[PDB]
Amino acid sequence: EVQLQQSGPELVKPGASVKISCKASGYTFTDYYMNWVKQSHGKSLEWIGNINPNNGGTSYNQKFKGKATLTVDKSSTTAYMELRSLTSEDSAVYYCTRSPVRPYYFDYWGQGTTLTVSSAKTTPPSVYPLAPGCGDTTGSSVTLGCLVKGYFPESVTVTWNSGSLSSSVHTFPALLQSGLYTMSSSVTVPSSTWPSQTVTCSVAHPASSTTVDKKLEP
């Protein structure tokens, strides 16, 4: 199938540049334009520009000219966007997305690349298990959680039992406090399956390459 695999999250200091990549697979790379789209947090999609992989021709949103440089490596079917002179106004999710010559649309999208422009240091999260106190009454289901505290930058992923529990999961949006993010994740499983069976939250913080697993214990 078509896949646009973007490079991972970026934390860059102001004034720096970043180059984000979009590895295209599953289709004839040179038959589609590659587009880049910015999405600031809570805001709409902004088209940055496109590049014709066939000849490297680019078309930019004037607003991003100079700011963004689109390139392509045909041989590696990878599109790149270099963003320069970075400020926190550039902190956003950036998508690559494919468009045919015709019809006119963005049919396949990368997963997005989160760019954080900040002088702040990477801070891995402290991961704390949230298990019921000894006094709690057991009902049909039990809610467990992991508190993911004091990390930066924002990208964090909590996986419960290697994704085998995701239908019962709540991911609470991170809140920024004193320059650090905190989030939590809950999972609700039948009480007949915990603690009889292991429930583990695995908290990945890509910026610090940290993974903390907490086995929820009564």
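We number the residues from 1 along the sequence you see.
Between 3 to 11 and 208 to 216, it is 208 to 216 that carries the larger average Cα temperature factor according to the deposited entry. The PDB entry reports B-factors from which the mean C-alpha value can be compared for 69 to 77 and 132 to 140; the larger average falls on 132 to 140. Highest CA B-factor among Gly49, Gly163, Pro153, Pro173, as stated in the entry: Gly163. The maximum CA B-factor among the listed residues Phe64, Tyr181, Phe29, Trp36, taken from the PDB record, is found at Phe29. Split the chain's modelled residues into thirds by C-alpha temperature factor. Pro124 is in the middle one. Ranked by Cα temperature factor within the chain, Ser185 sits in the lowest third according to the deposited record. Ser25: CA B factor lies in the middle third for its chain, per the PDB record.
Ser196: CA B factor in the highest third of modelled residues in this chain (values from the PDB entry). The entry lists a Cα temperature factor for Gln177 that places it in the highest third of the chain's modelled residues.
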